[PDB]
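Q: Contents are compact mmCIF, N, CA and C atoms and all ligand atoms; file name upload.txt:
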```txt
# COMPACT_ATOMS: atom_id res chain seq x y z
N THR A 1 256.55 -83.52 -35.08
CA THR A 1 256.94 -82.45 -36.05
C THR A 1 256.92 -81.07 -35.40
N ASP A 2 256.27 -80.97 -34.25
CA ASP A 2 256.19 -79.70 -33.54
C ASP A 2 257.52 -79.30 -32.91
N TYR A 3 257.97 -78.09 -33.22
CA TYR A 3 259.21 -77.56 -32.67
C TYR A 3 259.04 -76.07 -32.43
N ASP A 4 259.40 -75.63 -31.22
CA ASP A 4 259.31 -74.22 -30.83
C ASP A 4 260.37 -73.94 -29.77
N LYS A 5 260.40 -72.72 -29.23
CA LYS A 5 261.42 -72.39 -28.23
C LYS A 5 261.30 -73.21 -26.95
N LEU A 6 260.28 -74.05 -26.87
CA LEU A 6 260.08 -74.89 -25.70
C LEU A 6 260.21 -76.36 -26.10
N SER A 7 260.45 -76.60 -27.39
CA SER A 7 260.58 -77.95 -27.91
C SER A 7 261.68 -78.08 -28.96
N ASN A 8 262.73 -78.81 -28.61
CA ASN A 8 263.84 -79.04 -29.52
C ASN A 8 264.01 -80.53 -29.78
N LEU A 9 264.61 -80.87 -30.91
CA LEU A 9 264.82 -82.26 -31.27
C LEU A 9 265.81 -82.95 -30.34
N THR A 10 267.26 -88.65 -28.84
CA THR A 10 267.05 -89.56 -27.72
C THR A 10 265.58 -89.96 -27.60
N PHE A 11 265.35 -91.25 -27.35
CA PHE A 11 264.00 -91.78 -27.20
C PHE A 11 263.93 -92.68 -25.98
N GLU A 12 264.98 -92.66 -25.17
CA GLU A 12 265.01 -93.50 -23.99
C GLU A 12 264.46 -92.83 -22.74
N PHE A 13 263.99 -91.59 -22.85
CA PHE A 13 263.44 -90.88 -21.69
C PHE A 13 262.27 -89.99 -22.01
N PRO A 14 261.35 -89.82 -21.06
CA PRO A 14 260.23 -88.93 -21.37
C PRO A 14 260.76 -87.53 -21.05
N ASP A 15 259.99 -86.50 -21.39
CA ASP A 15 260.37 -85.13 -21.03
C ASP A 15 259.11 -84.31 -20.98
N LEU A 16 258.67 -84.07 -19.76
CA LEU A 16 257.47 -83.31 -19.51
C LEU A 16 257.73 -81.82 -19.55
N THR A 17 256.80 -81.08 -20.14
CA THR A 17 256.92 -79.64 -20.22
C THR A 17 255.53 -79.03 -20.09
N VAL A 18 255.47 -77.77 -19.70
CA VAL A 18 254.19 -77.08 -19.55
C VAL A 18 254.25 -75.65 -20.06
N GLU A 19 253.11 -75.17 -20.55
CA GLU A 19 253.00 -73.81 -21.07
C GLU A 19 251.58 -73.34 -20.79
N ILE A 20 251.43 -72.07 -20.43
CA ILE A 20 250.11 -71.50 -20.14
C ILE A 20 249.72 -70.56 -21.27
N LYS A 21 248.46 -70.59 -21.67
CA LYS A 21 247.97 -69.70 -22.72
C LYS A 21 246.63 -69.11 -22.33
N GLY A 22 246.46 -67.82 -22.58
CA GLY A 22 245.21 -67.16 -22.24
C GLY A 22 245.38 -65.66 -22.19
N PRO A 23 244.33 -64.90 -21.82
CA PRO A 23 244.43 -63.44 -21.75
C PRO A 23 245.43 -62.94 -20.72
N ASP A 24 246.28 -62.00 -21.13
CA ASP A 24 247.28 -61.42 -20.24
C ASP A 24 246.69 -60.21 -19.52
N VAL A 25 245.45 -59.89 -19.87
CA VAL A 25 244.74 -58.77 -19.26
C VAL A 25 243.28 -59.14 -19.11
N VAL A 26 242.79 -59.11 -17.87
CA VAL A 26 241.40 -59.46 -17.60
C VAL A 26 240.73 -58.43 -16.69
N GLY A 27 239.40 -58.36 -16.76
CA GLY A 27 238.66 -57.42 -15.94
C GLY A 27 238.08 -58.06 -14.69
N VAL A 28 238.07 -57.31 -13.59
CA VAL A 28 237.54 -57.82 -12.33
C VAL A 28 236.14 -58.40 -12.51
N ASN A 29 235.89 -59.53 -11.84
CA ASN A 29 234.60 -60.21 -11.89
C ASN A 29 234.20 -60.63 -13.30
N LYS A 30 235.19 -60.94 -14.13
CA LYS A 30 234.94 -61.36 -15.50
C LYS A 30 235.52 -62.75 -15.74
N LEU A 31 234.71 -63.63 -16.31
CA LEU A 31 235.13 -65.00 -16.60
C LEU A 31 236.27 -65.03 -17.61
N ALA A 32 237.38 -65.66 -17.23
CA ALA A 32 238.53 -65.77 -18.11
C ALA A 32 238.89 -67.25 -18.28
N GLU A 33 239.18 -67.65 -19.52
CA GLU A 33 239.52 -69.03 -19.81
C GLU A 33 240.99 -69.19 -20.18
N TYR A 34 241.68 -70.07 -19.48
CA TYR A 34 243.10 -70.32 -19.75
C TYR A 34 243.33 -71.76 -20.15
N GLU A 35 244.46 -72.01 -20.80
CA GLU A 35 244.79 -73.36 -21.21
C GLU A 35 246.19 -73.73 -20.76
N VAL A 36 246.32 -74.94 -20.23
CA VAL A 36 247.62 -75.43 -19.80
C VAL A 36 247.99 -76.50 -20.81
N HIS A 37 249.06 -76.26 -21.57
CA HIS A 37 249.53 -77.21 -22.57
C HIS A 37 250.63 -78.06 -21.96
N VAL A 38 250.34 -79.34 -21.74
CA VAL A 38 251.31 -80.26 -21.16
C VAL A 38 251.76 -81.22 -22.25
N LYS A 39 253.08 -81.34 -22.43
CA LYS A 39 253.60 -82.20 -23.48
C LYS A 39 254.67 -83.16 -22.99
N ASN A 40 254.82 -84.27 -23.70
CA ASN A 40 255.86 -85.24 -23.40
C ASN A 40 256.70 -85.24 -24.67
N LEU A 41 257.85 -84.59 -24.62
CA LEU A 41 258.72 -84.51 -25.79
C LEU A 41 259.53 -85.78 -25.99
N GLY A 42 259.52 -86.67 -25.00
CA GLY A 42 260.29 -87.89 -25.06
C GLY A 42 259.70 -89.09 -25.79
N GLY A 43 260.51 -90.14 -25.92
CA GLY A 43 260.09 -91.35 -26.60
C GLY A 43 259.51 -92.42 -25.68
N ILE A 44 259.45 -92.11 -24.39
CA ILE A 44 258.90 -93.02 -23.40
C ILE A 44 257.68 -92.33 -22.81
N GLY A 45 256.60 -93.08 -22.63
CA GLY A 45 255.39 -92.49 -22.09
C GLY A 45 255.40 -92.28 -20.58
N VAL A 46 254.41 -91.54 -20.11
CA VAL A 46 254.24 -91.23 -18.70
C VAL A 46 252.83 -91.63 -18.30
N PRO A 47 252.68 -92.81 -17.68
CA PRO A 47 251.37 -93.31 -17.25
C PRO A 47 250.63 -92.38 -16.30
N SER A 48 251.36 -91.68 -15.44
CA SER A 48 250.73 -90.79 -14.48
C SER A 48 251.66 -89.73 -13.90
N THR A 49 251.24 -88.48 -13.96
CA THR A 49 252.00 -87.38 -13.39
C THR A 49 251.03 -86.28 -13.01
N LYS A 50 251.44 -85.45 -12.06
CA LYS A 50 250.58 -84.38 -11.60
C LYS A 50 250.89 -83.03 -12.22
N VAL A 51 249.84 -82.30 -12.55
CA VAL A 51 249.97 -80.96 -13.11
C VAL A 51 249.25 -80.06 -12.11
N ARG A 52 249.86 -78.91 -11.82
CA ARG A 52 249.29 -77.98 -10.87
C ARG A 52 249.37 -76.56 -11.39
N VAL A 53 248.34 -75.78 -11.07
CA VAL A 53 248.29 -74.37 -11.46
C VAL A 53 248.20 -73.57 -10.17
N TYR A 54 249.03 -72.53 -10.09
CA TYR A 54 249.11 -71.65 -8.94
C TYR A 54 248.83 -70.23 -9.40
N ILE A 55 248.22 -69.44 -8.52
CA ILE A 55 247.94 -68.04 -8.80
C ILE A 55 248.56 -67.30 -7.63
N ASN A 56 249.59 -66.50 -7.91
CA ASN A 56 250.32 -65.76 -6.89
C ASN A 56 250.82 -66.69 -5.78
N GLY A 57 251.34 -67.84 -6.19
CA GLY A 57 251.90 -68.82 -5.27
C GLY A 57 250.94 -69.75 -4.56
N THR A 58 249.64 -69.46 -4.63
CA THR A 58 248.66 -70.31 -3.97
C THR A 58 248.04 -71.27 -4.98
N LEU A 59 248.01 -72.55 -4.63
CA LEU A 59 247.46 -73.57 -5.50
C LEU A 59 246.02 -73.25 -5.88
N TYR A 60 245.72 -73.42 -7.16
CA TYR A 60 244.39 -73.15 -7.67
C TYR A 60 243.71 -74.42 -8.19
N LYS A 61 244.39 -75.17 -9.04
CA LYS A 61 243.78 -76.38 -9.58
C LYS A 61 244.81 -77.46 -9.81
N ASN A 62 244.37 -78.71 -9.72
CA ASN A 62 245.28 -79.83 -9.94
C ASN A 62 244.68 -80.87 -10.86
N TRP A 63 245.56 -81.53 -11.60
CA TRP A 63 245.19 -82.57 -12.56
C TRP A 63 246.17 -83.72 -12.43
N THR A 64 245.71 -84.90 -12.83
CA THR A 64 246.54 -86.10 -12.84
C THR A 64 246.39 -86.54 -14.29
N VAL A 65 247.47 -86.49 -15.07
CA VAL A 65 247.37 -86.87 -16.47
C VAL A 65 248.38 -87.90 -16.91
N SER A 66 248.11 -88.49 -18.08
CA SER A 66 249.00 -89.46 -18.67
C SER A 66 249.39 -88.89 -20.02
N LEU A 67 250.60 -89.19 -20.48
CA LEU A 67 251.05 -88.69 -21.77
C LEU A 67 251.96 -89.69 -22.44
N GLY A 68 251.54 -90.15 -23.61
CA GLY A 68 252.34 -91.10 -24.35
C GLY A 68 253.51 -90.35 -24.98
N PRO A 69 254.42 -91.07 -25.64
CA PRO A 69 255.56 -90.40 -26.26
C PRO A 69 255.10 -89.35 -27.28
N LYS A 70 255.76 -88.20 -27.26
CA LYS A 70 255.44 -87.11 -28.17
C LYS A 70 253.96 -86.72 -28.15
N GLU A 71 253.30 -86.88 -27.01
CA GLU A 71 251.89 -86.51 -26.91
C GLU A 71 251.70 -85.19 -26.17
N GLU A 72 250.63 -84.48 -26.51
CA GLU A 72 250.32 -83.21 -25.88
C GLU A 72 248.86 -83.19 -25.48
N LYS A 73 248.58 -82.57 -24.34
CA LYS A 73 247.20 -82.45 -23.89
C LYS A 73 246.96 -81.02 -23.45
N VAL A 74 245.75 -80.54 -23.69
CA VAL A 74 245.37 -79.19 -23.32
C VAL A 74 244.40 -79.27 -22.16
N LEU A 75 244.83 -78.75 -21.02
CA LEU A 75 244.03 -78.73 -19.81
C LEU A 75 243.45 -77.33 -19.71
N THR A 76 242.21 -77.23 -19.27
CA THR A 76 241.60 -75.91 -19.16
C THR A 76 241.12 -75.60 -17.76
N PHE A 77 241.00 -74.32 -17.47
CA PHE A 77 240.51 -73.87 -16.18
C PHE A 77 240.01 -72.44 -16.33
N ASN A 78 238.89 -72.14 -15.69
CA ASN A 78 238.33 -70.80 -15.75
C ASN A 78 238.72 -70.04 -14.49
N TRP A 79 238.85 -68.73 -14.62
CA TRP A 79 239.21 -67.89 -13.49
C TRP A 79 238.49 -66.55 -13.55
N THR A 80 237.72 -66.27 -12.50
CA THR A 80 236.98 -65.03 -12.40
C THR A 80 237.56 -64.21 -11.25
N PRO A 81 238.52 -63.32 -11.55
CA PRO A 81 239.18 -62.46 -10.56
C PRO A 81 238.19 -61.61 -9.78
N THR A 82 238.49 -61.38 -8.50
CA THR A 82 237.64 -60.58 -7.63
C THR A 82 238.29 -59.24 -7.28
N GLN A 83 239.61 -59.17 -7.41
CA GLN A 83 240.36 -57.95 -7.11
C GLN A 83 241.31 -57.63 -8.26
N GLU A 84 241.69 -56.36 -8.39
CA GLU A 84 242.59 -55.95 -9.45
C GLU A 84 244.05 -56.07 -9.01
N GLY A 85 244.96 -55.96 -9.96
CA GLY A 85 246.38 -56.06 -9.65
C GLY A 85 247.13 -56.95 -10.61
N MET A 86 248.44 -57.07 -10.40
CA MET A 86 249.30 -57.90 -11.24
C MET A 86 249.44 -59.28 -10.62
N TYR A 87 248.89 -60.29 -11.29
CA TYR A 87 248.93 -61.66 -10.81
C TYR A 87 249.88 -62.53 -11.62
N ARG A 88 250.54 -63.47 -10.95
CA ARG A 88 251.47 -64.38 -11.61
C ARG A 88 250.90 -65.80 -11.58
N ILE A 89 250.67 -66.37 -12.76
CA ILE A 89 250.15 -67.73 -12.85
C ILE A 89 251.32 -68.67 -13.10
N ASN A 90 251.40 -69.74 -12.31
CA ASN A 90 252.46 -70.72 -12.48
C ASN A 90 251.81 -72.06 -12.75
N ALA A 91 252.44 -72.86 -13.60
CA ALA A 91 251.95 -74.18 -13.92
C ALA A 91 253.15 -75.10 -13.77
N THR A 92 252.95 -76.25 -13.14
CA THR A 92 254.04 -77.19 -12.95
C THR A 92 253.61 -78.60 -13.30
N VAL A 93 254.57 -79.41 -13.73
CA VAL A 93 254.29 -80.80 -14.04
C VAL A 93 255.40 -81.61 -13.36
N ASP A 94 255.00 -82.71 -12.74
CA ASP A 94 255.90 -83.57 -11.98
C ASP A 94 256.72 -82.74 -11.01
N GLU A 95 256.05 -81.88 -10.26
CA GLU A 95 256.74 -81.03 -9.30
C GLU A 95 257.45 -81.86 -8.24
N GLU A 96 256.91 -83.03 -7.92
CA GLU A 96 257.50 -83.92 -6.91
C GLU A 96 258.65 -84.72 -7.50
N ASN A 97 258.91 -84.47 -8.78
CA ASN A 97 259.96 -85.14 -9.54
C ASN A 97 260.05 -86.64 -9.29
N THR A 98 259.00 -87.34 -9.70
CA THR A 98 258.93 -88.78 -9.56
C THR A 98 259.16 -89.43 -10.93
N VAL A 99 259.39 -88.59 -11.94
CA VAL A 99 259.63 -89.07 -13.30
C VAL A 99 260.99 -88.59 -13.80
N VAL A 100 261.88 -89.53 -14.13
CA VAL A 100 263.20 -89.17 -14.65
C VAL A 100 263.02 -88.74 -16.09
N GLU A 101 263.40 -87.50 -16.40
CA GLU A 101 263.25 -86.96 -17.75
C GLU A 101 264.55 -86.45 -18.34
N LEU A 102 264.47 -86.07 -19.60
CA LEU A 102 265.60 -85.51 -20.32
C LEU A 102 265.93 -84.14 -19.75
N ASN A 103 264.94 -83.49 -19.16
CA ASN A 103 265.12 -82.15 -18.60
C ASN A 103 264.12 -81.94 -17.47
N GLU A 104 264.61 -81.55 -16.30
CA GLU A 104 263.74 -81.30 -15.15
C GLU A 104 263.57 -79.79 -14.96
N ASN A 105 264.24 -79.02 -15.81
CA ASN A 105 264.20 -77.57 -15.70
C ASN A 105 263.23 -76.87 -16.66
N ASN A 106 262.41 -77.65 -17.37
CA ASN A 106 261.43 -77.08 -18.28
C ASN A 106 260.04 -77.55 -17.83
N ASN A 107 259.94 -77.84 -16.54
CA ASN A 107 258.70 -78.33 -15.95
C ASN A 107 257.87 -77.24 -15.28
N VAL A 108 258.28 -75.99 -15.44
CA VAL A 108 257.55 -74.88 -14.82
C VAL A 108 257.26 -73.76 -15.81
N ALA A 109 256.02 -73.29 -15.81
CA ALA A 109 255.58 -72.20 -16.68
C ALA A 109 255.22 -70.99 -15.82
N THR A 110 255.45 -69.80 -16.37
CA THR A 110 255.13 -68.56 -15.67
C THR A 110 254.35 -67.69 -16.64
N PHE A 111 253.22 -67.16 -16.18
CA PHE A 111 252.38 -66.33 -17.01
C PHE A 111 251.78 -65.22 -16.14
N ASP A 112 252.03 -63.98 -16.54
CA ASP A 112 251.55 -62.82 -15.81
C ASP A 112 250.23 -62.29 -16.37
N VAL A 113 249.29 -62.00 -15.47
CA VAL A 113 247.98 -61.49 -15.86
C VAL A 113 247.65 -60.20 -15.12
N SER A 114 247.21 -59.19 -15.86
CA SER A 114 246.86 -57.91 -15.25
C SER A 114 245.35 -57.77 -15.12
N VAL A 115 244.85 -57.81 -13.89
CA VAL A 115 243.42 -57.67 -13.63
C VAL A 115 243.09 -56.20 -13.40
N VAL A 116 242.17 -55.67 -14.19
CA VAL A 116 241.78 -54.27 -14.07
C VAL A 116 240.27 -54.12 -13.88
MN MN A 201 260.83 -81.74 -18.34
MN MN A 202 260.73 -85.14 -13.48
```
Now that the file is in, can you turn its structure into structure tokens?
Ligand SMILES: [Mn+2]
Ligand SMILES: [Mn+2]

A:
Amino acid sequence: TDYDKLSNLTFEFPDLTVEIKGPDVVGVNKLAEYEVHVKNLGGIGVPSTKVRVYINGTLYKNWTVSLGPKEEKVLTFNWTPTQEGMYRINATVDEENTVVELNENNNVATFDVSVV
């Protein structure tokens, strides 16, 4: 029943997607909690796929998850910045593209965070 700008209404293929949620502004040396929302919009499940989070292009954390049809999982990770500046958080699912999906172009999320 969930529908948003990242989810539109086929059941013969899975469709992995990712979205990042959390503070867009954080203070140096302060614990920040983010959430990676990984969903399978398709009618076929995904026994195993990799999810990765990058901060300014450098890998930060990795997960191996499974997602049944129309299932969503919330992955979490904490981040305590040490320096200030504009950081770009990226999240990817099936980056190695080992899963044939309805869309391979909605497998990447971008989220900007300002550390002050
Ligand atoms: Mn996809
Ligand atoms: Mn894929």

Q: Please indicate the distance in Å from atom N of residue 81 (chain A) to atom C of residue 33 (chain A), rounded to one decimal place.

A: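 So the two atoms, atom N of residue 81 (chain A) and atom C of residue 33 (chain A), lie 10.7 Å apart.
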
Q: Could you jot down the atom C of residue 31 (chain A) to atom C of residue 112 (chain A) separation for me, Å, one decimal place?

A: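 Answer for the atom C of residue 31 (chain A) to atom C of residue 112 (chain A) separation: 14.3 Å.
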
Q: If you count all atoms listed in the file, which residues end up within 5 Å of ligand MN 201 (chain A), as a list in words?

A: residues 15, 16, 17, 103, 104, 106 and 107 of chain A

Q: For the residues in that selection, give me N, CA and C atoms as a CSV table (one decimal), keeping the file's coordinate frame.

A:
```
chain,number,residue,atom,x,y,z
A,15,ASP,N,260.0,-86.5,-21.4
A,15,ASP,CA,260.4,-85.1,-21.0
A,15,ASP,C,259.1,-84.3,-21.0
A,16,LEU,N,258.7,-84.1,-19.8
A,16,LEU,CA,257.5,-83.3,-19.5
A,16,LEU,C,257.7,-81.8,-19.6
A,17,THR,N,256.8,-81.1,-20.1
A,17,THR,CA,256.9,-79.6,-20.2
A,17,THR,C,255.5,-79.0,-20.1
A,103,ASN,N,264.9,-83.5,-19.2
A,103,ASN,CA,265.1,-82.2,-18.6
A,103,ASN,C,264.1,-81.9,-17.5
A,104,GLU,N,264.6,-81.6,-16.3
A,104,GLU,CA,263.7,-81.3,-15.2
A,104,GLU,C,263.6,-79.8,-15.0
A,106,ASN,N,262.4,-77.6,-17.4
A,106,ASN,CA,261.4,-77.1,-18.3
A,106,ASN,C,260.0,-77.6,-17.8
A,107,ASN,N,259.9,-77.8,-16.5
A,107,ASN,CA,258.7,-78.3,-16.0
A,107,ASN,C,257.9,-77.2,-15.3
```

Q: Can you tell me how far atom C of residue 98 (chain A) sits from CA of residue 46 (chain A), in Å to one decimal?

A: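 Going from atom C of residue 98 (chain A) over to CA of residue 46 (chain A) covers 9.4 Å.
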
Q: Within 6 Å of residue 14 (chain A), counting only C-alpha atoms, which residues qualify if same-chain residues fewer than 5 places away don't, as a VMD selection string?

A: chain A and resid 42 to 44 101

Q: Within region 5-85 of chain A, find each residue whose DSSP state, derived from the backbone, is strand (DSSP E or B), and express the selection as a count of residues only.

A: 47

Q: Kindly indicate which residue among A:115, A:100, A:109, A:89 lies nearest to residue 56 (chain A), using all atoms listed in the file for the distances.

A: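 Looking at the shortest contact to residue 56 (chain A), the residue is A:89.
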
Q: Go through A:79, A:65, A:11, A:2 and flag the residue nearest residue 50 (chain A), using only C-alpha atoms for the distances.

A: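 Ranking A:79, A:65, A:11, A:2 by distance to residue 50 (chain A), first place goes to A:65.
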
Q: In terms of the shortest atom-to-atom distance over all atoms listed in the file, which of A:66, A:32, A:53, A:59 is closest to residue 91 (chain A)?

A: A:53

Q: Of the candidates A:102, A:88, A:3, A:114, which shows the shortest atom-to-atom distance to ligand MN 202 (chain A), using only N, CA and C atoms and all ligand atoms?

A: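 Using only N, CA and C atoms and all ligand atoms, ligand MN 202 (chain A) sits closest to A:102.
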
Q: Hey, which of A:76, A:71, A:90, A:27 ends up closest to residue 57 (chain A)? Count only N, CA and C atoms.

A: A:90
